[PDB]
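K.L.:
Have a look at this one.
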Amino acid sequence: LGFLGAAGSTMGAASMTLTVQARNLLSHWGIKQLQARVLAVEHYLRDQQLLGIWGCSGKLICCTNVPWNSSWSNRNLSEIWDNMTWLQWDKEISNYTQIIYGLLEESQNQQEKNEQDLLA
Amino acid sequence: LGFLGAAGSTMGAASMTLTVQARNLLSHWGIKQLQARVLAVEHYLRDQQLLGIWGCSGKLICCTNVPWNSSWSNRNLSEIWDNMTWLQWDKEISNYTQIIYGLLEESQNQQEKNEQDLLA
Amino acid sequence: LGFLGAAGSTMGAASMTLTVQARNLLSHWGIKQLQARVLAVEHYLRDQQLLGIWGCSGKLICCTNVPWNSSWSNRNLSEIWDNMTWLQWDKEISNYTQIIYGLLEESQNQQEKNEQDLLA
Amino acid sequence: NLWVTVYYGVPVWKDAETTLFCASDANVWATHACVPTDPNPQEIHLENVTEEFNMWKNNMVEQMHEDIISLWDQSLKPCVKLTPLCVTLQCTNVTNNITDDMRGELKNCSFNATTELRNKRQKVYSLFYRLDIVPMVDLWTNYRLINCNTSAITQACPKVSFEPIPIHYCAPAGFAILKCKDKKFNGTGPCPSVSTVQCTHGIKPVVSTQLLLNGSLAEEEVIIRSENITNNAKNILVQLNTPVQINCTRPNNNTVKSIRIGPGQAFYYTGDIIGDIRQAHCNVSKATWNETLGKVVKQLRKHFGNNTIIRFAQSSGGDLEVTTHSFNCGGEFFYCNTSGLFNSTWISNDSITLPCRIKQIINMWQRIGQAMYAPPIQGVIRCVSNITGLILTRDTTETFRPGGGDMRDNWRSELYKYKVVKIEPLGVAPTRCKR
Amino acid sequence: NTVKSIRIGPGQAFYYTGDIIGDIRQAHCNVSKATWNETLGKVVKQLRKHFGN
Ligand SMILES: *[C@@H]1O[C@H](CO)[C@@H](O[C@@H]2O[C@H](CO)[C@@H](O[C@@H]3O[C@H](CO)[C@@H](O)[C@H](O[C@H]4O[C@H](CO)[C@@H](O)[C@H](O)[C@@H]4O)[C@@H]3O)[C@H](O)[C@H]2NC(C)=O)[C@H](O)[C@H]1NC(C)=O
Ligand SMILES: *[C@@H]1O[C@H](CO)[C@@H](O[C@@H]2O[C@H](CO)[C@@H](O[C@@H]3O[C@H](CO)[C@@H](O)[C@H](O)[C@@H]3O)[C@H](O)[C@H]2NC(C)=O)[C@H](O)[C@H]1NC(C)=O
Ligand SMILES: *[C@@H]1O[C@H](CO[C@@H]2O[C@@H](C)[C@@H](O)[C@@H](O)[C@@H]2O)[C@@H](O[C@@H]2O[C@H](CO)[C@@H](O)[C@H](O)[C@H]2NC(C)=O)[C@H](O)[C@H]1NC(C)=O
Ligand SMILES: *[C@@H]1O[C@H](CO[C@@H]2O[C@@H](C)[C@@H](O)[C@@H](O)[C@@H]2O)[C@@H](O[C@@H]2O[C@H](CO)[C@@H](O)[C@H](O)[C@H]2NC(C)=O)[C@H](O)[C@H]1NC(C)=O
Ligand SMILES: *[C@@H]1O[C@H](CO[C@@H]2O[C@@H](C)[C@@H](O)[C@@H](O)[C@@H]2O)[C@@H](O[C@@H]2O[C@H](CO)[C@@H](O)[C@H](O)[C@H]2NC(C)=O)[C@H](O)[C@H]1NC(C)=O
Ligand SMILES: *[C@@H]1O[C@H](CO)[C@@H](O[C@@H]2O[C@H](CO)[C@@H](O)[C@H](O)[C@H]2NC(C)=O)[C@H](O)[C@H]1NC(C)=O
Ligand SMILES: *[C@@H]1O[C@H](CO)[C@@H](O[C@@H]2O[C@H](CO)[C@@H](O)[C@H](O)[C@H]2NC(C)=O)[C@H](O)[C@H]1NC(C)=O
Ligand SMILES: *[C@@H]1O[C@H](CO[C@@H]2O[C@@H](C)[C@@H](O)[C@@H](O)[C@@H]2O)[C@@H](O)[C@H](O)[C@H]1NC(C)=O
Ligand SMILES: *[C@@H]1O[C@H](CO[C@@H]2O[C@@H](C)[C@@H](O)[C@@H](O)[C@@H]2O)[C@@H](O)[C@H](O)[C@H]1NC(C)=O
Ligand SMILES: *[C@@H]1O[C@H](CO[C@@H]2O[C@@H](C)[C@@H](O)[C@@H](O)[C@@H]2O)[C@@H](O)[C@H](O)[C@H]1NC(C)=O
Ligand SMILES: *[C@@H]1O[C@H](CO)[C@@H](O)[C@H](O)[C@H]1NC(C)=O
Ligand SMILES: *[C@@H]1O[C@H](CO)[C@@H](O)[C@H](O)[C@H]1NC(C)=O
Ligand SMILES: *[C@@H]1O[C@H](CO)[C@@H](O)[C@H](O)[C@H]1NC(C)=O
Ligand SMILES: *[C@@H]1O[C@H](CO)[C@@H](O)[C@H](O)[C@H]1NC(C)=O
Ligand SMILES: *[C@@H]1O[C@H](CO)[C@@H](O)[C@H](O)[C@H]1NC(C)=O
Ligand SMILES: *[C@@H]1O[C@H](CO)[C@@H](O)[C@H](O)[C@H]1NC(C)=O
Ligand SMILES: *[C@@H]1O[C@H](CO)[C@@H](O)[C@H](O)[C@H]1NC(C)=O
Ligand SMILES: *[C@@H]1O[C@H](CO)[C@@H](O)[C@H](O)[C@H]1NC(C)=O
Ligand SMILES: *[C@@H]1O[C@H](CO)[C@@H](O)[C@H](O)[C@H]1NC(C)=O
Ligand SMILES: *[C@@H]1O[C@H](CO)[C@@H](O)[C@H](O)[C@H]1NC(C)=O
Ligand SMILES: *[C@@H]1O[C@H](CO)[C@@H](O)[C@H](O)[C@H]1NC(C)=O
Ligand SMILES: *[C@@H]1O[C@H](CO)[C@@H](O)[C@H](O)[C@H]1NC(C)=O
Ligand SMILES: *[C@@H]1O[C@H](CO)[C@@H](O)[C@H](O)[C@H]1NC(C)=O
Ligand SMILES: *[C@@H]1O[C@H](CO)[C@@H](O)[C@H](O)[C@H]1NC(C)=O
Ligand SMILES: *[C@@H]1O[C@H](CO)[C@@H](O)[C@H](O)[C@H]1NC(C)=O
Ligand SMILES: *[C@@H]1O[C@H](CO)[C@@H](O)[C@H](O)[C@H]1NC(C)=O
Ligand SMILES: *[C@@H]1O[C@H](CO)[C@@H](O)[C@H](O)[C@H]1NC(C)=O
Ligand SMILES: *[C@@H]1O[C@H](CO)[C@@H](O)[C@H](O)[C@H]1NC(C)=O
Ligand SMILES: *[C@@H]1O[C@H](CO)[C@@H](O)[C@H](O)[C@H]1NC(C)=O
Ligand SMILES: *[C@@H]1O[C@H](CO)[C@@H](O)[C@H](O)[C@H]1NC(C)=O
Ligand SMILES: *[C@@H]1O[C@H](CO)[C@@H](O)[C@H](O)[C@H]1NC(C)=O
Ligand SMILES: *[C@@H]1O[C@H](CO)[C@@H](O)[C@H](O)[C@H]1NC(C)=O
């Protein structure tokens, strides 16, 4: 039930502990300690900025409008979620990541402009 | 009308100056000053992370789905919001605060999973 | 197409590169390196806090309920948004900025209270 | 059709090299600098996690090395500089009842020291160990201190102990330390049982050479860990599963006197010896030691031929700092001869006494530009330590000799079970769910 | 230049010129003459745009 306790568990189970890990991201001699504190903050902020860009701000589980091109992983939703741990999944699809992130950004840009045009 | 000006006023009045206080949370000789700046940031981020966890991101007034078990405070609205100042309230229900925060976290997790299965 | 590439283009074009600039806002001898990193964070957080105050958290484009008093600028929608760059616009309405920010803050406070009453 | 869903707070990590900070539990040494620890912080079992560990490529070792050396140097900054004492010393033999083993080991020297006033000098008569002085320019009785032809000597402050107070290493937020709990783990490769901790256990920063003192013991059996076992250029770290007790003494009742050499600057020196003059020494139980080596041999035979011969021998060379067992015993620095421990061949209440030398002017780290003078200690010194591991090097018949000159090996013997990783909470997966 | 050194203190070395091998001559720098004259001519042409022509 503690931090990373679910690391060896299946994705379909581990997804229920997202708040456990989220809360462990924040908190001359003494300078290296300041450097460590500053980078912990900078890494945190980059993840939050990215969620903001994608339109996932404020939530731990974010559904999007980008579809899963099978060429990323042609495995099925009883294998990805019941037979694989997040560590194994991350390795499987680590190559095709800066494609997915790019697509998520593009999708959100279109959603913002379409939403302004409706509110008119 | 300035920072903490409403501290001695009733909760029902003080609730209208939330932006006044929110704006005062952000901004070897010289090191202790740098340390102070870093910790001010860390405290700010922890409050924001917590609001995000509860589903209150981006807002000063957040209604939730958790009910008020009378055992925490059995006073009526027209006591809490007309007489007591936030300082007196904070003392009254200081003990039972980690319990409330835990309930808010669980409530939001249930809500995020229910929504995922309504967008299916 | 890179950082500030759109600076010389018209507002109506530049508005499509908002993510390009947003992504470039984050990241004794050597102490100044920490000071620089800390201030970059502080400036970032102030912008985010302000968007939160106005109810624009999580978005790069945010429509509001505040109307454009002609006194700020009486230029018509196709002298601003396809004849004028963002640099020239900022100069045009520099004096009248803090007014707008104050109005946006008031608008959001009215919006948060009204919503709360409707969820009773 | 499956659509991309973004998850934040995902229990994923990657190998990482970051800055660790120190912490401690609750006469100042290796403290103030570290943050007080949390009681019983946390340990999370991570039941189904298998992970790869690789000691020797572990940067936690380099950080511990840097912190110890830096804190060591910091502690000498406010102490008295013994540069006014770089003079001609006139030295003669010691007029006491000296055993044969100590002949020539001590000298009674007379020097002119500076005083509180700039225009005055005094005449001081002190005992020195032979190892701290050098004769010069063909003059029979004229000596100088060993390190006045290189670095300035700094006297260690008399109020500062060198007690090896344990230091804990803690991860910054966003990072975690993984701990290998496999009792058979040899320092590398997959570890089937890996838990997560906040901060490592405290490790005592004990500084020694060929015999590791007061460390952790192996849980079940002697473990031999090496970067490449067939490469004779590598050191072999052998962890014992049982301690061997070693009793060390400096059996001479010393009188320590002090003088001012400057404006509030005190110098400490051995004035005189009460009673007989004897050699410092260490006692190792003979039977325990022979059992210990037999176990080591049985394990060596799993990497070397089985129907083989294993030989133990004394170091073939190098200076006193590496050919002996160096350690701090009650504030004094001992250099003990271990040839009595490693003189046997193993083929397919008695005790061993190790004679010891004492030095007051030491270098600690393998550096050229620093020296330090350890004030002598009043009375008689005794200490008892646990031998928890050996550092061996290798030349049919495989011959092994004591090594350990490189201090990072001592720290590897405690940090081998820890790994630093970075948490990567953001990721994606397909789910049947679209905005 | 033949360089010698002495110790002046505990690990403190001082370096100095011991002596000179060969003749003693003055240090100097060479600037090509025509190149320098062309360089100034260009500078002068530009100065004349701020000063009288
Ligand atoms: C391996 O671990 C053992 C066990 O911890 C360790 O032995 C210990 O060494 C210390 C330091 O020499 C001993 O502490 C002293 O004990 C005597 C008892 O007579 C006291 O008088 C001493 O106090 C005086 O000196 C202090 C110097 O710092 C002053 O601060 C103080 O005010 C007094 O003037 C001091 O308490 C300790 O007793 C032993 N422990 C045992 C069980 O013998 C050994 O040194 C470690 N080995 C290595 C290599 O680190
Ligand atoms: C090393 O040399 C020094 C200097 O010679 C020796 O110290 C001296 O030792 C003698 C004999 O113990 C001392 O004489 C005694 O003086 C006291 C009064 O101080 C007196 O009560 C005794 O009856 C005796 O006369 C002498 O004072 C002392 N000098 C100093 C500076 O302390 C030292 O003992 C020698 N060490 C050895 C063992 O070689
Ligand atoms: C789905 O992917 C296929 C194959 O794309 C390749 O693998 C991807 C992971 C990525 O690395 C692509 O850049 C690779 O080309 C796509 O088919 C190709 O698409 C690209 C444009 O992205 C095009 O230039 C190629 O000609 C196409 N042909 C192949 C087989 O290489 C397919 O278009 C992708 N579908 C989606 C939803 O974008
Ligand atoms: C409402 O609270 C009661 C009792 O409240 C407990 O003590 C209060 C002062 C405060 O600390 C509360 O948070 C505590 O829960 C609950 O009744 C008990 O509930 C606990 C589990 O929470 C259970 O173990 C006990 O057996 C229950 N019985 C007692 C001693 O009253 C009640 O369940 C709470 N109801 C709601 C709606 O949450
Ligand atoms: C729209 O602006 C006019 C002009 O206001 C001036 O310029 C503004 C940018 C700001 O700086 C004002 O403070 C300036 O007075 C406003 O007309 C005047 O508003 C002020 C303040 O309300 C009032 O005292 C004057 O009597 C007004 N004069 C007139 C000619 O009516 C007007 O109120 C603004 N409207 C809105 C939507 O706020
Ligand atoms: C280390 O071992 C030696 C040898 O056993 C010990 O020396 C004996 O000490 C007792 C007590 O003072 C004497 O009665 C014996 O005569 C000594 N033996 C010899 C051969 O001289 C020594 O005490 C032990 N000590 C340590 C490490 O302090
Ligand atoms: C430890 O003591 C032994 C003696 O038992 C020393 O070994 C001798 O070393 C000399 C060279 O200096 C050789 O000529 C002798 O043949 C060696 N003797 C034996 C029995 O092998 C050893 O050098 C000492 N080591 C240290 C570090 O002091
Ligand atoms: C998911 O896949 C299961 C196994 O299918 C077979 O083995 C995998 C590794 C692939 O090679 C696949 O093409 C093979 O057919 C099935 O038993 C299960 O029913 C599948 N579920 C869904 C929803 O498709
Ligand atoms: C609110 O309560 C005031 C005090 O009366 C009582 O004590 C508090 C703690 C509550 O338990 C309440 O239910 C009790 O009646 C009353 O004087 C006042 O009339 C009450 N007002 C309302 C709107 O109920
Ligand atoms: C917009 O107006 C143009 C003329 O601009 C006039 O002066 C500027 C400074 C503003 O005060 C503006 O409101 C004035 O009308 C016209 O040339 C142009 O055609 C107009 N365009 C549209 C879309 O009506
Ligand atoms: C570990 O795997 C076993 C199946 O081999 C499973 O029953 C168990 O629940 C898993 N443990 C965790 C923590 O997921
Ligand atoms: C995946 O399913 C197979 C079925 O044979 C099982 O043996 C394996 O342990 C499962 N792995 C996990 C991580 O649950
Ligand atoms: C990613 O690319 C590397 C290229 O060296 C390759 O070795 C690895 O197997 C790839 N992983 C996949 C297929 O995602
Ligand atoms: C302070 O209390 C008085 C009543 O005694 C009230 O009239 C006044 O408005 C209150 N002031 C504030 C800041 O709440
Ligand atoms: C508020 O306080 C006043 C003075 O104690 C009291 O008269 C009044 O009834 C209180 N109002 C309520 C119901 O909270
Ligand atoms: C809060 O806890 C303290 C310590 O147990 C206790 O003295 C106090 O009465 C409690 N207050 C409340 C509001 O129950
Ligand atoms: C610069 O102006 C020209 C002429 O209007 C236009 O074609 C070009 O796109 C402009 N450059 C940018 C960066 O907008
Ligand atoms: C720019 O503004 C001028 C003056 O109103 C106008 O004549 C011109 O047509 C405008 N051009 C565009 C592209 O809006
Ligand atoms: C803003 O005010 C200053 C001072 O009155 C004035 O010089 C400047 O022209 C004004 N600019 C605008 C945008 O009106
Ligand atoms: C010193 O040794 C001699 C024998 O050489 C002995 O007669 C004398 O008593 C001893 N002195 C002391 C103080 O033990
Ligand atoms: C003094 O010690 C030396 C060895 O360093 C020895 O040769 C000499 O004979 C000794 N002299 C006396 C008087 O003991
Ligand atoms: C100091 O003198 C000794 C004499 O044996 C010599 O070996 C050493 O190298 C000298 N050190 C320096 C720094 O000159
Ligand atoms: C030596 O080992 C024994 C085993 O019983 C232990 O109690 C003792 O504390 C150990 N000594 C040191 C210094 O670690
Ligand atoms: C350590 O274990 C690995 C397991 O893969 C083995 O290959 C290696 O030879 C072992 N080394 C030693 C010194 O035991
Ligand atoms: C171990 O040493 C041998 C020496 O012959 C060398 O050939 C081999 O590549 C080395 N292996 C590793 C992992 O360093
Ligand atoms: C060390 O001293 C203890 C008494 O404190 C004794 O029991 C033990 O046998 C001695 N150890 C050795 C190796 O002599
Ligand atoms: C090595 O010898 C041991 C007995 O001491 C035996 O159990 C083991 O099987 C032998 N190994 C090989 C490879 O023969
Ligand atoms: C090794 O043991 C033999 C036993 O006969 C002895 O003669 C020899 O001197 C010893 N060597 C060392 C270095 O102690
Ligand atoms: C050293 O000698 C003095 C003589 O006054 C005595 O008081 C002290 O106890 C002795 N110390 C030891 C360790 O023998
Ligand atoms: C500098 O030396 C080079 C040697 O190749 C020569 O060609 C050049 O002309 C010299 N420069 C001057 C200014 O004399
Ligand atoms: C420099 O340029 C002037 C131009 O008037 C010319 O008269 C003179 O001879 C030139 N000198 C050299 C060295 O070329
Ligand atoms: C200076 O003289 C040059 C060369 O005749 C001519 O091109 C230039 O225009 C003149 N400038 C002025 C300011 O007379």
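The chains in the structure tokens are called A, B, ... from first to last as shown; in each chain the residues are counted from 1, and the ligands are counted from 1 in the order shown.
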Output as a PyMOL selection string all residues of chain E that backbone DSSP marks as strand (DSSP E).
P.N.:
chain E and resi 2-9+12-19
K.L.:
Please list as a PyMOL selection string every residue within 12 Å of segment 10-23 of chain B, counting only C-alpha atoms and excluding residues in the same chain fewer than 2 positions away.
P.N.:
(chain B and resi 1-8+25-27+44+47-48+59-61+77-90) or (chain C and resi 45-55+102+104-106+108-110+112-113)
K.L.:
Write a file of the just-selected residues containing C-alpha atoms, as a PDB file, in the first residue's frame.
P.N.:
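So the final result, stored in selection.pdb, reads:
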ATOM      1  CA  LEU B   1      -9.302  45.351   2.308  1.00  0.00           C
ATOM      2  CA  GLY B   2      -5.567  44.249   2.489  1.00  0.00           C
ATOM      3  CA  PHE B   3      -3.825  41.024   3.382  1.00  0.00           C
ATOM      4  CA  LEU B   4      -5.443  39.284   6.338  1.00  0.00           C
ATOM      5  CA  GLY B   5      -7.711  42.290   6.794  1.00  0.00           C
ATOM      6  CA  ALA B   6     -10.618  39.891   7.070  1.00  0.00           C
ATOM      7  CA  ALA B   7      -8.887  37.643   9.595  1.00  0.00           C
ATOM      8  CA  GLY B   8     -11.001  39.020  12.429  1.00  0.00           C
ATOM      9  CA  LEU B  25       1.941  33.305  -1.090  1.00  0.00           C
ATOM     10  CA  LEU B  26       4.327  33.933  -3.977  1.00  0.00           C
ATOM     11  CA  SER B  27       7.093  36.666  -3.692  1.00  0.00           C
ATOM     12  CA  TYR B  44       2.988  26.627  -2.442  1.00  0.00           C
ATOM     13  CA  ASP B  47      -0.968  23.050  -1.513  1.00  0.00           C
ATOM     14  CA  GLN B  48      -1.547  23.090  -5.221  1.00  0.00           C
ATOM     15  CA  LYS B  59     -10.350  27.185  -8.131  1.00  0.00           C
ATOM     16  CA  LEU B  60     -10.566  28.973  -4.806  1.00  0.00           C
ATOM     17  CA  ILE B  61     -13.954  27.572  -3.794  1.00  0.00           C
ATOM     18  CA  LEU B  77     -24.633  27.116   9.326  1.00  0.00           C
ATOM     19  CA  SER B  78     -25.917  30.271  10.937  1.00  0.00           C
ATOM     20  CA  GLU B  79     -23.277  29.742  13.629  1.00  0.00           C
ATOM     21  CA  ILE B  80     -20.350  28.674  11.510  1.00  0.00           C
ATOM     22  CA  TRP B  81     -20.763  31.288   8.772  1.00  0.00           C
ATOM     23  CA  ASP B  82     -22.172  34.242  10.741  1.00  0.00           C
ATOM     24  CA  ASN B  83     -20.309  34.191  14.087  1.00  0.00           C
ATOM     25  CA  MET B  84     -16.969  32.259  14.113  1.00  0.00           C
ATOM     26  CA  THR B  85     -13.892  33.722  12.345  1.00  0.00           C
ATOM     27  CA  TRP B  86     -11.733  31.351  10.313  1.00  0.00           C
ATOM     28  CA  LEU B  87      -9.165  31.331  13.082  1.00  0.00           C
ATOM     29  CA  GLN B  88     -11.701  30.079  15.628  1.00  0.00           C
ATOM     30  CA  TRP B  89     -12.994  27.497  13.156  1.00  0.00           C
ATOM     31  CA  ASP B  90      -9.564  26.230  12.357  1.00  0.00           C
TER      32      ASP B  90
ATOM     33  CA  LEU C  45       4.418  30.222 -10.927  1.00  0.00           C
ATOM     34  CA  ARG C  46       3.182  33.761 -10.783  1.00  0.00           C
ATOM     35  CA  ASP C  47       1.778  33.460 -14.266  1.00  0.00           C
ATOM     36  CA  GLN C  48       0.090  30.232 -13.369  1.00  0.00           C
ATOM     37  CA  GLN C  49      -1.351  31.649 -10.178  1.00  0.00           C
ATOM     38  CA  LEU C  50      -2.789  34.539 -12.067  1.00  0.00           C
ATOM     39  CA  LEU C  51      -4.433  32.315 -14.638  1.00  0.00           C
ATOM     40  CA  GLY C  52      -5.901  30.391 -11.716  1.00  0.00           C
ATOM     41  CA  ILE C  53      -7.297  33.596 -10.203  1.00  0.00           C
ATOM     42  CA  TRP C  54      -9.003  34.475 -13.472  1.00  0.00           C
ATOM     43  CA  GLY C  55     -10.375  30.946 -14.020  1.00  0.00           C
ATOM     44  CA  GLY C 102      -8.391  43.782 -12.020  1.00  0.00           C
ATOM     45  CA  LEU C 104     -10.755  39.699 -14.767  1.00  0.00           C
ATOM     46  CA  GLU C 105     -10.207  38.996 -11.081  1.00  0.00           C
ATOM     47  CA  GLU C 106     -13.538  40.469 -10.144  1.00  0.00           C
ATOM     48  CA  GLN C 108     -14.017  35.259 -11.645  1.00  0.00           C
ATOM     49  CA  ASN C 109     -14.959  35.924  -8.065  1.00  0.00           C
ATOM     50  CA  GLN C 110     -18.506  36.636  -9.167  1.00  0.00           C
ATOM     51  CA  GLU C 112     -17.312  31.240  -8.455  1.00  0.00           C
ATOM     52  CA  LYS C 113     -19.945  32.413  -5.977  1.00  0.00           C
TER      53      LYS C 113
END
K.L.:
So what do you get for atom 12 (C, counted along the ligand's line) of ligand 19 versus atom 9 (C, counted along the ligand's line) of ligand 5, distance-wise?
P.N.:
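Going from atom 12 (C, counted along the ligand's line) of ligand 19 over to atom 9 (C, counted along the ligand's line) of ligand 5 covers 10.0 Å.
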K.L.:
For ligand 13, collect every residue having any atom at a distance of at most 8 Å from a ligand atom (counting only C-alpha atoms and all ligand atoms); output as a short mmCIF file (atom, residue, chain, number, x, y, z; two decimals) with C-alpha atoms, in the first residue's frame.
P.N.:
data_model
loop_
_atom_site.label_atom_id
_atom_site.label_comp_id
_atom_site.auth_asym_id
_atom_site.auth_seq_id
_atom_site.Cartn_x
_atom_site.Cartn_y
_atom_site.Cartn_z
CA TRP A 72 3.21 1.24 -31.29
CA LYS A 91 10.09 -0.49 -21.88
CA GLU A 92 7.96 -1.97 -24.70
CA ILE A 93 6.81 1.51 -25.94
CA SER A 94 9.78 3.75 -24.99
CA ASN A 95 10.91 4.26 -28.58
CA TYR A 96 7.58 5.63 -29.82
#
K.L.:
Out of C:36, C:107, C:28, C:58, which residue has the shortest atom-to-atom distance to chain A when counting only C-alpha atoms?
P.N.:
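Ranked by minimum distance to chain A, first place goes to C:58.
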K.L.:
Each residue of chain D with at least one atom at most 7 Å from ligand 20 should appear once, together with its nearest atom pair and the corresponding distance in Å (one decimal); atoms considered: only C-alpha atoms and all ligand atoms; ordering: chain, then increasing residue number; output as JSON lines.
P.N.:
{"residue": "D:96", "atom": "CA", "partner": "ligand 20", "partner_atom_place_in_ligand_line": "1 (C)", "distance": 6.3}
{"residue": "D:97", "atom": "CA", "partner": "ligand 20", "partner_atom_place_in_ligand_line": "1 (C)", "distance": 4.6}
{"residue": "D:275", "atom": "CA", "partner": "ligand 20", "partner_atom_place_in_ligand_line": "13 (C)", "distance": 6.7}
{"residue": "D:276", "atom": "CA", "partner": "ligand 20", "partner_atom_place_in_ligand_line": "14 (O)", "distance": 6.7}
K.L.:
Counting only C-alpha atoms and all ligand atoms, which protein, DNA or RNA residues come within 7 Å of ligand 1, given as a ChimeraX atom specification?
P.N.:
/D:27,160-161,163-164,206,213-214,327-331,383-386
K.L.:
What's around residue 9 of chain E at 10 Å? Count only C-alpha atoms, leave out sequence neighbours fewer than 4 positions away in its own chain, and write the answer as a ChimeraX atom specification.
P.N.:
/D:83,86,148-152 /E:13-14
K.L.:
Write out the residues from the selection above, keeping N, CA, C and O atoms, as a PDB file, in the first residue's frame.
P.N.:
ATOM      1  N   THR D  83      53.614  25.080  11.586  1.00  0.00           N
ATOM      2  CA  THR D  83      54.649  25.488  10.672  1.00  0.00           C
ATOM      3  C   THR D  83      55.791  26.172  11.396  1.00  0.00           C
ATOM      4  O   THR D  83      56.934  26.027  10.961  1.00  0.00           O
ATOM      5  N   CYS D  86      58.877  23.828  12.118  1.00  0.00           N
ATOM      6  CA  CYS D  86      59.766  23.255  11.113  1.00  0.00           C
ATOM      7  C   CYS D  86      61.182  23.764  11.319  1.00  0.00           C
ATOM      8  O   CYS D  86      61.638  24.722  10.693  1.00  0.00           O
ATOM      9  N   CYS D 148      58.273  18.718   6.424  1.00  0.00           N
ATOM     10  CA  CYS D 148      58.535  20.164   6.257  1.00  0.00           C
ATOM     11  C   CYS D 148      59.207  20.377   4.907  1.00  0.00           C
ATOM     12  O   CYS D 148      59.395  21.535   4.521  1.00  0.00           O
ATOM     13  N   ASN D 149      59.532  19.292   4.212  1.00  0.00           N
ATOM     14  CA  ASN D 149      60.068  19.465   2.841  1.00  0.00           C
ATOM     15  C   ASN D 149      58.923  19.299   1.842  1.00  0.00           C
ATOM     16  O   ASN D 149      59.127  19.589   0.671  1.00  0.00           O
ATOM     17  N   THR D 150      57.751  18.880   2.317  1.00  0.00           N
ATOM     18  CA  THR D 150      56.486  19.157   1.590  1.00  0.00           C
ATOM     19  C   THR D 150      55.522  19.849   2.555  1.00  0.00           C
ATOM     20  O   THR D 150      55.977  20.742   3.278  1.00  0.00           O
ATOM     21  N   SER D 151      54.264  19.418   2.592  1.00  0.00           N
ATOM     22  CA  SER D 151      53.107  20.256   2.984  1.00  0.00           C
ATOM     23  C   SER D 151      53.241  20.782   4.411  1.00  0.00           C
ATOM     24  O   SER D 151      53.889  20.109   5.226  1.00  0.00           O
ATOM     25  N   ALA D 152      52.569  21.894   4.725  1.00  0.00           N
ATOM     26  CA  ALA D 152      52.422  22.236   6.126  1.00  0.00           C
ATOM     27  C   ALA D 152      51.583  21.248   6.890  1.00  0.00           C
ATOM     28  O   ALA D 152      50.565  20.753   6.408  1.00  0.00           O
TER      29      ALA D 152
ATOM     30  N   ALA E  13      57.414  26.660  -3.297  1.00  0.00           N
ATOM     31  CA  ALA E  13      58.508  26.878  -4.227  1.00  0.00           C
ATOM     32  C   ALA E  13      58.399  28.221  -4.901  1.00  0.00           C
ATOM     33  O   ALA E  13      57.306  28.662  -5.256  1.00  0.00           O
ATOM     34  N   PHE E  14      59.553  28.810  -5.130  1.00  0.00           N
ATOM     35  CA  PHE E  14      59.729  30.057  -5.845  1.00  0.00           C
ATOM     36  C   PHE E  14      60.490  29.840  -7.132  1.00  0.00           C
ATOM     37  O   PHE E  14      61.531  29.174  -7.161  1.00  0.00           O
TER      38      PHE E  14
END
K.L.:
Write out as a list in words each polymer residue (protein, DNA or RNA) that has an atom no more than 7 Å from ligand 26, with only C-alpha atoms and all ligand atoms counted.
P.N.:
residues 245, 246, 247, 283, 284, 285, 351 and 384 of chain D
K.L.:
Excluding same-chain residues fewer than 5 positions from residue 337 of chain D, what lies within 10 Å of it counting only C-alpha atoms, as a list in words?
P.N.:
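Listed by chain and then number, they are residues 281, 282, 314, 315, 320, 323, 324, 325, 326, 353, 354, 355, 356 and 357 of chain D.
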K.L.:
Would you kindly report the residues of chain E within 9 Å of chain D, using only C-alpha atoms, as a list in words?
P.N.:
residues 7, 9, 10, 11 and 12 of chain E
